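Notes follow the structure.
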Amino acid sequence: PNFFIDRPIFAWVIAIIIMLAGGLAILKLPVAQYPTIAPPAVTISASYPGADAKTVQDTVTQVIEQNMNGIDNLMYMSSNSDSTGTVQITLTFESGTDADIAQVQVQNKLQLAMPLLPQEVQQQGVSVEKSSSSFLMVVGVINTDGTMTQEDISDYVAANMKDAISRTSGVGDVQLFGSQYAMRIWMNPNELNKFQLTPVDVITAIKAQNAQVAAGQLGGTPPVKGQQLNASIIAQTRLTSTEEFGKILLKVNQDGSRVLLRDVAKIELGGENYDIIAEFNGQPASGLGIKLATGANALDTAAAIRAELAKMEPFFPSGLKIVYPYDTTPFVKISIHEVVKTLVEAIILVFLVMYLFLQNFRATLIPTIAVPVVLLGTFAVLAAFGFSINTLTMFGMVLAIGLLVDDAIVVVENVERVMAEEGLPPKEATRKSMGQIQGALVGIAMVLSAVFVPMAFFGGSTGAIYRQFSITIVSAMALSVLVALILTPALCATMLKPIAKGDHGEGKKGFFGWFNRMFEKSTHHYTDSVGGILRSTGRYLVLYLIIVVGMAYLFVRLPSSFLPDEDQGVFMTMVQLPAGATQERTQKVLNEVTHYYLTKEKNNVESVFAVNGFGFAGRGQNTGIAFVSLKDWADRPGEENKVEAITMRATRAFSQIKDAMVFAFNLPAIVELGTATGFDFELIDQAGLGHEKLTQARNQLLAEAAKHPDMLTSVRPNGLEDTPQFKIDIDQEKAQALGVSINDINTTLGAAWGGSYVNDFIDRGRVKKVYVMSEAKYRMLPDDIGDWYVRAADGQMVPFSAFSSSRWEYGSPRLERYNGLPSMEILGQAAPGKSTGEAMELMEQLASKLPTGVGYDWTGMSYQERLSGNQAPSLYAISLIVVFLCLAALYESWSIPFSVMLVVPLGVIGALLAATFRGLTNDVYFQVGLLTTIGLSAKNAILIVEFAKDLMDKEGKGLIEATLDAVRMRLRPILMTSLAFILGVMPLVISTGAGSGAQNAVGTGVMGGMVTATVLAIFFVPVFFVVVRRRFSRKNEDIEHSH
Amino acid sequence: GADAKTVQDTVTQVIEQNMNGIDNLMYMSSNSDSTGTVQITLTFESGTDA
Amino acid sequence: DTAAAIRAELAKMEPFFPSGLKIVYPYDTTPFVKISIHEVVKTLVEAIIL
Ligand SMILES: CCCCCCCCCCCCO[C@@H]1O[C@H](CO)[C@@H](O[C@H]2O[C@H](CO)[C@@H](O)[C@H](O)[C@H]2O)[C@H](O)[C@H]1O
């Protein structure tokens, strides 16, 4: 400590070592927008083509929900049974669980269910995956010549690019947007009734002529003695061409003129599914969602991927151009550009404050070398714990710049003051001052981690977000107190200039600040004054109670955010038609929307990625979505050229002037967020009930919560209501008669109207599928039911209308389950004034008004809130108590910690103030901000109380005279820090452009906080000290001691 | 019964498509035999957890 | 804790049970571990007092 004063070089060496480890950690440290924050979820998905909601709910879904037992750390299970036959089961696991293990255990219990599945599902594929939605990037592929359709493009994407980019370093999951080429066989109902054939015969035909065969080998083992030739027998090779599919023989006519498949059906190379259609600025497109690899660098994955795409540019088909619809990367680089700008700026301001105050270049260089070192190291302690350069951790740095800077300033100052006062040569001056602040700095260390550490231990997703701040800040802190104890005292002692005793440089100079006098008189003004506010403390205690209560009111009338919504260079607009609607109507809406953007937002939009068949509303022709891109930030200057007003005006258009609801909006920060003032409800059927009864229970709870607009707002179901569905009743009897097989009936009806995945071929060197399905025009209207004939065993065709009734009814197209049982999901948020939890309780008191077999439960956001929200008081109680014990340690008091713990309010009231006036909100950044503020409040109060005591004890000064001296000698440094801080933070607060919402959240509270903090503390701390001190023993006294 | 080429473009190349974003992979090498055997080796950065 | 968790799921199922269906408790290694280790605590505190 003292030690390194006589070893500047041992210190330089430690400094150097920390700088080198930091910079090493700086070159090879990952960069991403946010760290892993959401609990781990694994998804099982299967597609049962042709099935309806109930078919998949009961054939695949429930069989899997039954075989999901004994998997470690299950939080909950949710599943969709979509009317496109796709079922999606999400198991969301307890926070921080091994993703890898959870997925493997899930997949190996699913694999125990696999035989219990239907063979279309078994062969279509059940898939188990990690449930991130956070795509690093969505890359679009097009063709300018317009030559190729989506299916063309998609196939190409799959066959040239998808793999070499997925070999690009930093790329984890690669996922394709669209369907690959399969052999599409479009049957004809006439040309089928003509040669008296059914789908079944087409099927078996295709299974027959199109396969590989278990052949054998010439000269094989075991051979015959003397054998001499050994070679592999080739047999039936699968068909490569459309051509050979035209040539497949369906039947022989009696006169022998034959029937090839070519005749009865249209045969083409066509997409594996035609549900979802993508337009890129109206131009045909397919896409690739690339995910950042696990632990990888986002920005270099981005540069490598773009370079690997461009390397392919000499091999691209004509006019086929790559495009970039969604890119996390540019926003991230620019976020980082601004954080770096900040750190170096806040630094630069500290140099200015320190010069235009200590007016000595070499004093000015010491913190100039101190914090660079504190930085580098913090990067290393973070590198060591496996953290990354993302939003939360860097704004953790920003948030910490104040304690780091302060720690340097306190020291350099105290030394210079020792010289200014006492006239010691520099080295002896530094031992004198270090000798004065050392123990306090250990104390400050202890009270600071005492507030910053409990916030590491929060639970859930919130707990994650906090742990980033907690750790970043405690490491910056710990390293800043070491740099304060090893390097700076050594830098102070070695490169600091001696001051002639009582110099103060008053007058002395002209061009560069008569200021000193101007500063000088003033500090006396200050002390003359302060003893007076100690002359009659009463008033000031009143005022204090006032400040506190105000702090509380200001605090309660504060809104509770989670994170700021940010213009991310991209947003999206989602489209919903009425139920039952067609691909064509929906597509109409998307086209309209796209043109609105490309027209009336000609200055803003760059590109519109319209996607039909896909909503986040659900799956269906009915739903559509348009992924919207904006021009880079330097070209969108204004206030209504930014996302707020863009989405505002777009939704403005599409609200009134439509037959369908189309809302356009900006995405949450953490792309899987909680809705702060809300909930995600699950109403559940527990006793064996039918969909009709639970739905009625949902309607009932819906109407009951609509009846409380004083507590709840927009409580809605998160599915699709029942639609009309069209039932075919096969009178088993009537067709039993007609000499038909029901297998043939069902499966011909099937392969006609849904289609059938039959067999596989080999296209251009790539195994791809073969589907057989009706052509378009024979399967649209219920009348087309007639065009289909089933051949009897005796030899005659039969119409469908000979053995079937047909009708309309309702049914549900989307069948939800919660933890194995049938459920209906209600999203919703709390009335503007009240808290989410209260609305949650009102919801429980409401859904308790539901029938037997109607139970409820909470999920996702409301799960994470109901388990981990009663924590906030326990942890800050540990903070209050731990901080109190640390200070009690530092001094020697059960009371003196009270003069310094009482300082906390003085800081908050400016922060609540600032939040309130800038109309911001009590969010994460505000809270870490709060702590930071309280943090310096305490640092300062601790140094002033320390000094007062030191004078009382180690000099026999009185109470008031010592508090006066103390406050005096610490006036200059309080001000030095606070000037720099306030000036370093200042830019954060005044910023518009990429992410400046954070910068705002961080800046505001801090600035106001610092203001009310210093400019209160320099008046209340003596009062805090003096009053508390007058509730201790006897004599001494008012004090003129000895020794 | 299948041939070398059959398994290289039917089974091998479909499996090597999915071996990306596997953590601490040094290189990948694969065999495609006419006895139908397909054989893929993923070789990892030293000290990776097996 | 697996026991507390099981008691929790059971407590979730109790309100939708048919008429008169009651859970009963024939066998549990659990209450013994709790009350046995608790006796070791009463001992500790008593020993303090002695
Ligand atoms: C960090 C940025 C700095 C900006 C802050 C600038 C200072 C703003 C607040 C100064 C407060 C001092 O207010 C001070 O009150 C005390 C007592 O209450 C007064 O003192 C006088 O008034 C009272 C009667 O009212 C007497 O009991 C007292 O003994 C007498 O000396 C001082 O005349 C006044 O200076």
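Just remember, in the structure tokens the first chain shown is A, the second B, etc., residues are 1-based per chain, and ligands are 1-based in the order shown.
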Would you list the residues that come within 7 Å of ligand 1? Count only C-alpha atoms and all ligand atoms and give the answer as a PDB file with C-alpha atoms, in the first residue's frame.
```pdb
ATOM      1  CA  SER A 529     -22.058  29.187   5.859  1.00  0.00           C
ATOM      2  CA  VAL A 530     -22.057  25.551   6.904  1.00  0.00           C
ATOM      3  CA  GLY A 532     -24.564  28.247  10.528  1.00  0.00           C
ATOM      4  CA  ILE A 533     -26.699  25.385   9.180  1.00  0.00           C
ATOM      5  CA  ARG A 535     -25.989  26.533  14.361  1.00  0.00           C
ATOM      6  CA  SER A 536     -29.691  25.683  14.098  1.00  0.00           C
ATOM      7  CA  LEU A 975     -16.667  19.315  -6.845  1.00  0.00           C
ATOM      8  CA  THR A1014     -23.396  16.867  -4.233  1.00  0.00           C
ATOM      9  CA  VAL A1015     -25.325  20.030  -3.904  1.00  0.00           C
ATOM     10  CA  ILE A1018     -22.065  19.491   0.914  1.00  0.00           C
TER      11      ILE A1018
END
```
Quick check: residues of chain C within 12 Å of chain A, only C-alpha atoms, returned as an mmCIF file with N, CA, C and O atoms, in the first residue's frame.
```
data_model
loop_
_atom_site.group_PDB
_atom_site.id
_atom_site.type_symbol
_atom_site.label_atom_id
_atom_site.label_comp_id
_atom_site.auth_asym_id
_atom_site.auth_seq_id
_atom_site.Cartn_x
_atom_site.Cartn_y
_atom_site.Cartn_z
ATOM 1 N N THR C 2 -37.915 -32.868 -3.894
ATOM 2 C CA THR C 2 -38.773 -33.618 -4.819
ATOM 3 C C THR C 2 -40.098 -33.913 -4.138
ATOM 4 O O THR C 2 -41.141 -33.864 -4.778
ATOM 5 N N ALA C 5 -42.155 -30.739 -3.977
ATOM 6 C CA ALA C 5 -42.616 -30.475 -5.346
ATOM 7 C C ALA C 5 -43.838 -31.313 -5.697
ATOM 8 O O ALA C 5 -44.822 -30.791 -6.252
ATOM 9 N N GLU C 9 -47.742 -30.319 -6.691
ATOM 10 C CA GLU C 9 -48.538 -30.670 -7.871
ATOM 11 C C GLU C 9 -49.866 -31.258 -7.436
ATOM 12 O O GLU C 9 -50.918 -30.942 -7.997
ATOM 13 N N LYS C 12 -52.114 -28.601 -6.439
ATOM 14 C CA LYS C 12 -52.709 -28.082 -7.688
ATOM 15 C C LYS C 12 -53.893 -28.914 -8.206
ATOM 16 O O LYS C 12 -54.821 -28.367 -8.816
ATOM 17 N N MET C 13 -53.856 -30.228 -7.971
ATOM 18 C CA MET C 13 -54.914 -31.124 -8.461
ATOM 19 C C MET C 13 -56.134 -31.298 -7.561
ATOM 20 O O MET C 13 -57.200 -31.699 -8.030
ATOM 21 N N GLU C 14 -55.993 -30.956 -6.287
ATOM 22 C CA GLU C 14 -57.082 -31.157 -5.330
ATOM 23 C C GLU C 14 -58.424 -30.489 -5.605
ATOM 24 O O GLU C 14 -59.447 -31.087 -5.311
ATOM 25 N N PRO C 15 -58.441 -29.255 -6.148
ATOM 26 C CA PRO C 15 -59.762 -28.624 -6.328
ATOM 27 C C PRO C 15 -60.663 -29.115 -7.483
ATOM 28 O O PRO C 15 -61.820 -28.672 -7.560
ATOM 29 N N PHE C 16 -60.161 -29.985 -8.357
ATOM 30 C CA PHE C 16 -60.934 -30.442 -9.527
ATOM 31 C C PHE C 16 -61.246 -31.937 -9.435
ATOM 32 O O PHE C 16 -61.692 -32.578 -10.404
ATOM 33 N N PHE C 17 -60.996 -32.471 -8.241
ATOM 34 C CA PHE C 17 -61.255 -33.863 -7.946
ATOM 35 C C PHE C 17 -62.758 -34.073 -7.887
ATOM 36 O O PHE C 17 -63.501 -33.172 -7.482
ATOM 37 N N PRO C 18 -63.213 -35.261 -8.298
ATOM 38 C CA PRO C 18 -64.610 -35.684 -8.165
ATOM 39 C C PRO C 18 -65.031 -35.808 -6.696
ATOM 40 O O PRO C 18 -64.187 -35.757 -5.808
ATOM 41 N N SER C 19 -66.319 -36.013 -6.454
ATOM 42 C CA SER C 19 -66.851 -36.067 -5.101
ATOM 43 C C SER C 19 -66.185 -37.075 -4.171
ATOM 44 O O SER C 19 -66.177 -38.274 -4.445
#
```
Please identify every residue of chain A that has at least one atom no farther than 7 Å from an atom of chain B, counting only C-alpha atoms, and for each give the shortest atom pair and the distance in Å to one decimal, arranged by chain then increasing number, as a tab-separated table.
```
residue	atom	partner	partner_atom	distance
A:163	CA	B:17	CA	6.3
A:166	CA	B:20	CA	6.5
A:167	CA	B:20	CA	6.5
A:171	CA	B:21	CA	6.0
A:172	CA	B:21	CA	3.7
A:173	CA	B:21	CA	6.3
A:213	CA	B:1	CA	6.8
A:214	CA	B:1	CA	4.6
A:215	CA	B:1	CA	5.3
A:216	CA	B:1	CA	6.3
A:293	CA	B:21	CA	5.7
A:765	CA	B:9	CA	6.0
A:766	CA	B:9	CA	6.1
A:767	CA	B:10	CA	5.8
```
Include N, CA, C and O atoms and write out the residues we just selected as an mmCIF file, in the first residue's frame.
```
data_model
loop_
_atom_site.group_PDB
_atom_site.id
_atom_site.type_symbol
_atom_site.label_atom_id
_atom_site.label_comp_id
_atom_site.auth_asym_id
_atom_site.auth_seq_id
_atom_site.Cartn_x
_atom_site.Cartn_y
_atom_site.Cartn_z
ATOM 1 N N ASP A 163 -25.076 -24.110 -47.258
ATOM 2 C CA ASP A 163 -23.971 -24.815 -46.595
ATOM 3 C C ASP A 163 -22.580 -24.134 -46.442
ATOM 4 O O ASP A 163 -21.882 -24.414 -45.468
ATOM 5 N N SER A 166 -22.907 -21.549 -43.856
ATOM 6 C CA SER A 166 -23.073 -22.295 -42.601
ATOM 7 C C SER A 166 -21.750 -22.923 -42.177
ATOM 8 O O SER A 166 -21.659 -23.545 -41.115
ATOM 9 N N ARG A 167 -20.746 -22.786 -43.046
ATOM 10 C CA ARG A 167 -19.375 -23.191 -42.751
ATOM 11 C C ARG A 167 -18.591 -21.953 -42.343
ATOM 12 O O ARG A 167 -17.555 -22.062 -41.693
ATOM 13 N N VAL A 171 -21.132 -19.062 -37.382
ATOM 14 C CA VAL A 171 -22.493 -19.410 -37.702
ATOM 15 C C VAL A 171 -22.886 -20.729 -37.015
ATOM 16 O O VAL A 171 -22.256 -21.763 -37.229
ATOM 17 N N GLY A 172 -23.923 -20.656 -36.175
ATOM 18 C CA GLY A 172 -24.468 -21.774 -35.395
ATOM 19 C C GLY A 172 -25.596 -22.579 -36.038
ATOM 20 O O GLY A 172 -25.351 -23.598 -36.681
ATOM 21 N N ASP A 173 -26.841 -22.175 -35.779
ATOM 22 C CA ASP A 173 -27.989 -22.786 -36.432
ATOM 23 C C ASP A 173 -28.112 -22.053 -37.760
ATOM 24 O O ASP A 173 -27.933 -20.837 -37.792
ATOM 25 N N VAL A 213 -32.286 -50.874 -54.921
ATOM 26 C CA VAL A 213 -32.586 -52.232 -54.486
ATOM 27 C C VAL A 213 -31.388 -52.953 -53.879
ATOM 28 O O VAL A 213 -30.279 -52.890 -54.407
ATOM 29 N N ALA A 214 -31.650 -53.695 -52.803
ATOM 30 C CA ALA A 214 -30.647 -54.540 -52.151
ATOM 31 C C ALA A 214 -30.125 -55.579 -53.106
ATOM 32 O O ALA A 214 -30.717 -56.644 -53.261
ATOM 33 N N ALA A 215 -28.984 -55.285 -53.704
ATOM 34 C CA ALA A 215 -28.526 -56.041 -54.828
ATOM 35 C C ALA A 215 -27.597 -57.121 -54.320
ATOM 36 O O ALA A 215 -28.010 -58.020 -53.597
ATOM 37 N N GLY A 216 -26.332 -57.042 -54.673
ATOM 38 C CA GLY A 216 -25.407 -58.034 -54.175
ATOM 39 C C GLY A 216 -24.096 -57.863 -54.883
ATOM 40 O O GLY A 216 -23.882 -56.849 -55.548
ATOM 41 N N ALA A 293 -23.209 -18.073 -33.627
ATOM 42 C CA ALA A 293 -22.807 -19.310 -32.979
ATOM 43 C C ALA A 293 -22.731 -19.071 -31.476
ATOM 44 O O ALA A 293 -22.675 -17.921 -31.015
ATOM 45 N N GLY A 765 -28.149 -34.662 -57.680
ATOM 46 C CA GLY A 765 -27.191 -35.102 -56.678
ATOM 47 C C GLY A 765 -27.663 -34.798 -55.267
ATOM 48 O O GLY A 765 -26.909 -34.894 -54.304
ATOM 49 N N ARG A 766 -28.940 -34.462 -55.145
ATOM 50 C CA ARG A 766 -29.543 -34.155 -53.857
ATOM 51 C C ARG A 766 -30.845 -34.901 -53.631
ATOM 52 O O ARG A 766 -31.793 -34.721 -54.386
ATOM 53 N N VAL A 767 -30.903 -35.713 -52.584
ATOM 54 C CA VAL A 767 -32.112 -36.448 -52.294
ATOM 55 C C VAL A 767 -33.235 -35.460 -52.011
ATOM 56 O O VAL A 767 -33.064 -34.574 -51.193
#
```
Original post:
Counting only C-alpha atoms, what is within 6 Å of stretch 392-402 of chain A, bar same-chain residues fewer than 2 positions away, as a ChimeraX atom specification?
Top reply: /A:390,404-406,468-469,472-473
Subject >> Between atom CA of residue A:621 and atom CA of residue A:275 - distance in Å to one decimal >> reply: 7.0 Å
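Backbone DSSP over stretch 677-712 of chain A gives helix (DSSP H, G or I) for residues 691, 692, 693, 694, 695, 696, 697, 698, 699, 700, 701, 702, 703, 704, 705 and 706 of chain A.
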List every residue of stretch 679-901 of chain A that DSSP, applied to the backbone, labels as strand (DSSP E or B), and write the result as a CSV table (one decimal) with C-alpha atoms, in the first residue's frame.
```csv
chain,number,residue,atom,x,y,z
A,679,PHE,CA,-49.4,-11.0,-17.9
A,680,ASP,CA,-49.7,-14.2,-19.9
A,681,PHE,CA,-52.6,-16.2,-18.4
A,682,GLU,CA,-53.5,-19.8,-19.0
A,683,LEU,CA,-57.1,-20.9,-18.4
A,684,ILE,CA,-57.2,-24.7,-18.1
A,685,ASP,CA,-59.7,-27.5,-18.2
A,712,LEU,CA,-57.4,-4.7,-16.5
A,713,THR,CA,-56.8,-3.6,-20.1
A,714,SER,CA,-57.3,-5.6,-23.4
A,715,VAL,CA,-57.6,-9.1,-21.9
A,716,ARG,CA,-57.7,-11.3,-25.1
A,717,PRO,CA,-57.3,-15.0,-26.0
A,723,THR,CA,-64.0,-21.5,-37.8
A,724,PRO,CA,-66.5,-23.3,-40.0
A,725,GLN,CA,-65.0,-26.6,-40.9
A,726,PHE,CA,-66.5,-29.1,-43.5
A,727,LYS,CA,-67.3,-32.6,-42.3
A,728,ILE,CA,-67.4,-35.7,-44.6
A,729,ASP,CA,-69.4,-38.5,-43.1
A,730,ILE,CA,-68.6,-41.8,-44.7
A,756,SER,CA,-49.4,-37.6,-49.9
A,757,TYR,CA,-45.7,-37.8,-49.3
A,758,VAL,CA,-45.1,-41.1,-51.2
A,759,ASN,CA,-41.5,-41.7,-52.2
A,760,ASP,CA,-38.1,-40.1,-52.6
A,761,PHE,CA,-35.8,-39.3,-55.6
A,762,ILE,CA,-32.4,-37.9,-56.4
A,763,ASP,CA,-32.3,-34.5,-58.1
A,766,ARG,CA,-29.5,-34.2,-53.9
A,767,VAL,CA,-32.1,-36.4,-52.3
A,768,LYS,CA,-35.5,-34.7,-52.4
A,769,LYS,CA,-39.1,-35.6,-51.9
A,770,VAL,CA,-42.0,-36.8,-54.1
A,771,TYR,CA,-45.6,-35.7,-53.4
A,772,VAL,CA,-48.8,-36.8,-55.1
A,773,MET,CA,-51.8,-34.5,-54.8
A,774,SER,CA,-54.8,-33.3,-56.8
A,789,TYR,CA,-64.2,-41.7,-58.1
A,790,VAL,CA,-63.2,-44.7,-56.0
A,791,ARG,CA,-62.8,-48.1,-57.8
A,797,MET,CA,-65.9,-46.7,-60.2
A,798,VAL,CA,-68.0,-45.0,-57.5
A,799,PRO,CA,-68.7,-41.4,-56.9
A,804,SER,CA,-70.9,-39.8,-48.0
A,805,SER,CA,-72.9,-37.0,-46.4
A,806,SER,CA,-71.3,-33.5,-46.2
A,807,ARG,CA,-71.9,-30.5,-43.9
A,808,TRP,CA,-70.6,-27.4,-42.3
A,809,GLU,CA,-70.0,-27.0,-38.6
A,810,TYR,CA,-67.6,-25.2,-36.4
A,811,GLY,CA,-64.3,-26.5,-35.0
A,814,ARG,CA,-55.7,-24.1,-33.1
A,815,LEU,CA,-55.7,-26.5,-30.2
A,816,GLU,CA,-53.6,-25.4,-27.2
A,817,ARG,CA,-52.4,-27.4,-24.1
A,818,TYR,CA,-50.7,-26.4,-20.9
A,821,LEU,CA,-53.9,-30.9,-20.5
A,822,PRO,CA,-56.3,-28.8,-22.8
A,823,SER,CA,-55.9,-25.1,-22.3
A,824,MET,CA,-56.9,-21.6,-23.5
A,825,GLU,CA,-54.4,-18.7,-23.2
A,826,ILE,CA,-55.3,-15.2,-22.2
A,827,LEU,CA,-52.7,-12.4,-22.6
A,828,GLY,CA,-53.4,-9.0,-20.9
A,829,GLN,CA,-52.1,-6.0,-18.9
A,830,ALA,CA,-53.0,-3.8,-15.9
A,854,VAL,CA,-62.1,-24.7,-15.0
A,855,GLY,CA,-58.8,-24.0,-13.2
A,856,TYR,CA,-56.1,-21.5,-14.0
A,857,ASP,CA,-52.4,-21.0,-14.0
A,858,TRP,CA,-49.5,-18.6,-14.9
```
Original post:
residue A:196: which residues within 12 Å, counting only C-alpha atoms, same-chain residues fewer than 4 positions away excluded, as a PyMOL selection string?
Top reply: chain A and resi 188-192+200-202+250-253+259+264+788-793+795-799
Just N, CA and C atoms for this one: save the residues we selected as an mmCIF file, in the first residue's frame.
```cif
data_model
loop_
_atom_site.group_PDB
_atom_site.id
_atom_site.type_symbol
_atom_site.label_atom_id
_atom_site.label_comp_id
_atom_site.auth_asym_id
_atom_site.auth_seq_id
_atom_site.Cartn_x
_atom_site.Cartn_y
_atom_site.Cartn_z
ATOM 1 N N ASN A 188 -55.298 -35.814 -62.093
ATOM 2 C CA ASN A 188 -56.490 -35.308 -62.792
ATOM 3 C C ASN A 188 -57.654 -36.258 -62.536
ATOM 4 N N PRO A 189 -58.784 -35.733 -62.030
ATOM 5 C CA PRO A 189 -59.943 -36.554 -61.631
ATOM 6 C C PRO A 189 -60.698 -37.166 -62.821
ATOM 7 N N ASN A 190 -60.760 -36.395 -63.894
ATOM 8 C CA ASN A 190 -61.245 -36.907 -65.133
ATOM 9 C C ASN A 190 -60.264 -37.972 -65.600
ATOM 10 N N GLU A 191 -59.043 -37.591 -65.969
ATOM 11 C CA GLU A 191 -58.093 -38.569 -66.501
ATOM 12 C C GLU A 191 -57.794 -39.712 -65.564
ATOM 13 N N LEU A 192 -58.334 -39.645 -64.361
ATOM 14 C CA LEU A 192 -58.271 -40.775 -63.446
ATOM 15 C C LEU A 192 -59.517 -41.652 -63.600
ATOM 16 N N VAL A 200 -54.458 -44.595 -54.935
ATOM 17 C CA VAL A 200 -53.746 -45.806 -54.443
ATOM 18 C C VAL A 200 -52.883 -46.502 -55.496
ATOM 19 N N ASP A 201 -53.369 -46.492 -56.723
ATOM 20 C CA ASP A 201 -52.658 -47.191 -57.757
ATOM 21 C C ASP A 201 -51.511 -46.314 -58.233
ATOM 22 N N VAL A 202 -51.727 -44.999 -58.204
ATOM 23 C CA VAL A 202 -50.669 -44.035 -58.529
ATOM 24 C C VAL A 202 -49.514 -44.203 -57.546
ATOM 25 N N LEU A 250 -48.876 -46.907 -65.367
ATOM 26 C CA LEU A 250 -49.952 -46.958 -64.393
ATOM 27 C C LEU A 250 -50.822 -48.162 -64.629
ATOM 28 N N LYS A 251 -50.950 -48.535 -65.901
ATOM 29 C CA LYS A 251 -51.836 -49.626 -66.310
ATOM 30 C C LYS A 251 -51.578 -50.012 -67.766
ATOM 31 N N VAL A 252 -51.888 -51.260 -68.102
ATOM 32 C CA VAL A 252 -51.860 -51.658 -69.500
ATOM 33 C C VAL A 252 -53.293 -51.777 -70.008
ATOM 34 N N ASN A 253 -53.556 -51.205 -71.175
ATOM 35 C CA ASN A 253 -54.854 -51.406 -71.763
ATOM 36 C C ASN A 253 -54.931 -52.757 -72.429
ATOM 37 N N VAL A 259 -50.877 -46.754 -70.621
ATOM 38 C CA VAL A 259 -51.086 -45.532 -69.847
ATOM 39 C C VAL A 259 -49.913 -45.125 -68.945
ATOM 40 N N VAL A 264 -52.412 -39.051 -67.077
ATOM 41 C CA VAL A 264 -53.466 -38.806 -66.086
ATOM 42 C C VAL A 264 -53.202 -37.650 -65.151
ATOM 43 N N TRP A 788 -64.415 -37.004 -58.058
ATOM 44 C CA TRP A 788 -63.485 -38.027 -57.615
ATOM 45 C C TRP A 788 -64.175 -39.366 -57.483
ATOM 46 N N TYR A 789 -63.578 -40.394 -58.073
ATOM 47 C CA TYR A 789 -64.204 -41.710 -58.064
ATOM 48 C C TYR A 789 -63.284 -42.717 -57.395
ATOM 49 N N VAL A 790 -63.889 -43.627 -56.634
ATOM 50 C CA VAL A 790 -63.171 -44.747 -56.030
ATOM 51 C C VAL A 790 -63.554 -46.076 -56.706
ATOM 52 N N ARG A 791 -62.546 -46.811 -57.171
ATOM 53 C CA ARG A 791 -62.769 -48.086 -57.844
ATOM 54 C C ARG A 791 -63.071 -49.228 -56.864
ATOM 55 N N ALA A 792 -64.152 -49.956 -57.137
ATOM 56 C CA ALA A 792 -64.567 -51.043 -56.265
ATOM 57 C C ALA A 792 -63.672 -52.227 -56.495
ATOM 58 N N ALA A 793 -63.776 -53.225 -55.631
ATOM 59 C CA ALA A 793 -63.009 -54.441 -55.833
ATOM 60 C C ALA A 793 -63.523 -55.222 -57.072
ATOM 61 N N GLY A 795 -64.655 -53.989 -59.904
ATOM 62 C CA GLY A 795 -64.193 -53.370 -61.131
ATOM 63 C C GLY A 795 -64.848 -52.045 -61.489
ATOM 64 N N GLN A 796 -65.848 -51.606 -60.721
ATOM 65 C CA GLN A 796 -66.545 -50.353 -61.064
ATOM 66 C C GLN A 796 -66.145 -49.111 -60.245
ATOM 67 N N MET A 797 -66.202 -47.949 -60.899
ATOM 68 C CA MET A 797 -65.931 -46.678 -60.235
ATOM 69 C C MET A 797 -67.140 -46.293 -59.417
ATOM 70 N N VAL A 798 -66.932 -45.467 -58.398
ATOM 71 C CA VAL A 798 -68.021 -45.008 -57.545
ATOM 72 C C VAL A 798 -67.847 -43.541 -57.183
ATOM 73 N N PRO A 799 -68.920 -42.738 -57.261
ATOM 74 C CA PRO A 799 -68.687 -41.354 -56.858
ATOM 75 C C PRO A 799 -68.656 -41.261 -55.360
#
```
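Between atom CA of residue A:121 and atom CA of residue A:57 the interatomic distance comes to 12.7 Å.
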